[PDB]
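Enquirer: sequence first, structure after, both from an experimental entry:
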2 protein chains.
Amino acid sequence: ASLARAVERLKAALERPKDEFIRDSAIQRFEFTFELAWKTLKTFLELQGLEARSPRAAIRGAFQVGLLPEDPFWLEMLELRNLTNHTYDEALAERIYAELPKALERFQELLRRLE
Amino acid sequence: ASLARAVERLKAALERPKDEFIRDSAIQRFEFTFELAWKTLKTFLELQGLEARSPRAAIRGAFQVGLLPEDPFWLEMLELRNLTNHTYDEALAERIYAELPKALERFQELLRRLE
């Protein structure tokens, strides 16, 4: 499970010229990237004593323990991520794809900070 | 939200010639088309005067009331449905995709029977 590669796959879909297929595939890739992301934070945090038993906690953890800089947007992403399974609603699909480009910026940031 | 419509969205992605983006989008259209499917059984069961709290309970209930015929593949789908988030692993995505054409036959069947 490589984070650097999951990002590469998300970026990929995000550069293509949008249509419903590339859209959904972007959303799809957004989810598994987020899974590897928070697990990353987890492992990192646990390494130094702290404990994260859930994504939000891993976000909150990284925020205090330095790592990621105070960005209320991460919590915003977490919220979108819970909707991916309700995208049978095409408007919600669009509403989500609209924020992926930013979400990508955050992931690219985490990759950097993890040195 | 229409199940019949969500099924049509899956069919579409399945007819198009394959590649990564289409692959991933078919997975994502499965992630939600399945969510509507169990929420549709739940509703049906409720109207039947029964109770179903979870996806499995709903599928088991479907078999009991005689809506759907005995088919162990429905549980395999649920097992697949819960792996979408572990798609950062491409060997898995391919494993899921391969089973989608079968899953579509079953969704179309459910739709046909709710008639």
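Expert: Okay, I see it. Numbers count the residues shown, from 1 in each chain, chains lettered A, B, ... in the order given.
Enquirer: helices or strands next to the helix or strand hosting residue A:23 in the packing?
Expert: Assigned by DSSP states H and E, residue A:23 belongs to helix A:20-47. When contacts are defined as 3 or more Cβ pairs under 8 Å, 6 or more residues apart in numbering or on different chains; DSSP states H and E, helix A:20-47 packs onto helix A:3-15, helix A:55-64, helix A:73-81, helix A:90-97, helix A:100-113, helix B:20-48. The C-beta positions use only the backbone N, C-alpha and C, and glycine is treated the same way.
Enquirer: of those helices, flag the one that's most buried.
Expert: Highest mean neighbour count among those (mean count of other Cβ atoms under 10 Å in any protein chain shown): helix B:20-48, with a mean of 22.
Enquirer: show me how far the helix holding residue A:23 is from its chain's centre.
Expert: 5 Å (Cα atoms, centre = their mean, to the nearest Å).
Enquirer: as a quick check, tell me the outermost residue of chain A.
Expert: No residue in chain A sits farther from the centre than residue A:49, which is 23.9 Å out by Cα atoms, centre = their mean.
Enquirer: tell me the centre residue of chain A?
Expert: So for chain A, Cα atoms, centre = their mean, it's residue A:34, sitting 3.5 Å from the centre.
Enquirer: that one reaches residue A:81, doesn't it?
Expert: Yes. With contact defined as Cβ atoms under 8 Å, residue A:34 counts as touching residue A:81 (5.2 Å).
Enquirer: for residue A:17, what are phi and psi?
Expert: phi -80, psi 110 (degrees, to the nearest 10).
Enquirer: quick one: residue A:60 and residue A:42, what's the gap?
Expert: Note on residue A:60: its distance to residue A:42, by Cβ to Cβ, to the nearest Å, is 12 Å.
Enquirer: what is in contact with those two at once?
Expert: By the contact definition Cβ atoms under 8 Å, 6 or more residues apart in numbering or on different chains, residue A:60 and residue A:42 are jointly contacted by residue A:52.
Enquirer: list the contacts for residue A:14?
Expert: Residue A:14 neighbours (Cβ under 8 Å, 6+ apart): A:26, A:100, A:101, A:104.
Enquirer: kindly report the residues of chain A close to chain B.
Expert: Within chain A, the positions near chain B by Cβ under 8 Å from any Cβ of the partner chain are A:1-2, A:5-6, A:13, A:16, A:20-25, A:27-29, A:31-33, A:35-36, A:84-89.
Enquirer: one more time with 6 Å, if that's ok
Expert: Within chain A, the positions near chain B by Cβ under 6 Å from any Cβ of the partner chain are A:1, A:6, A:21-22, A:24-25, A:27-28, A:31-32, A:35-36, A:85, A:87-89.
Enquirer: now do the SS call for the residue nearest to residue A:57 when sequence neighbours are not counted.
Expert: Spatial nearest neighbour of residue A:57, excluding adjacent residues (Cβ to Cβ, 6 or more residues apart in numbering or on different chains): residue A:51 at 7.9 Å. Assigned with DSSP: H, G, I helix; E, B strand; the rest coil, residue A:51 falls in the coil class.
Enquirer: pull stretch A:83-90 out as CSV, backbone CA atoms only.
Expert: Taking Å, rounded to 0.1, in the frame of the first residue of the first chain, the C-alpha atoms of stretch A:83-90 are listed here in CSV:
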residue,chain,number,x,y,z
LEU,A,83,-20.9,10.6,0.9
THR,A,84,-19.1,8.7,-1.8
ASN,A,85,-21.5,5.9,-1.3
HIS,A,86,-24.5,8.2,-1.8
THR,A,87,-23.3,9.5,-5.2
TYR,A,88,-26.2,7.6,-6.8
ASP,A,89,-27.4,11.3,-6.6
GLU,A,90,-25.6,12.8,-9.6
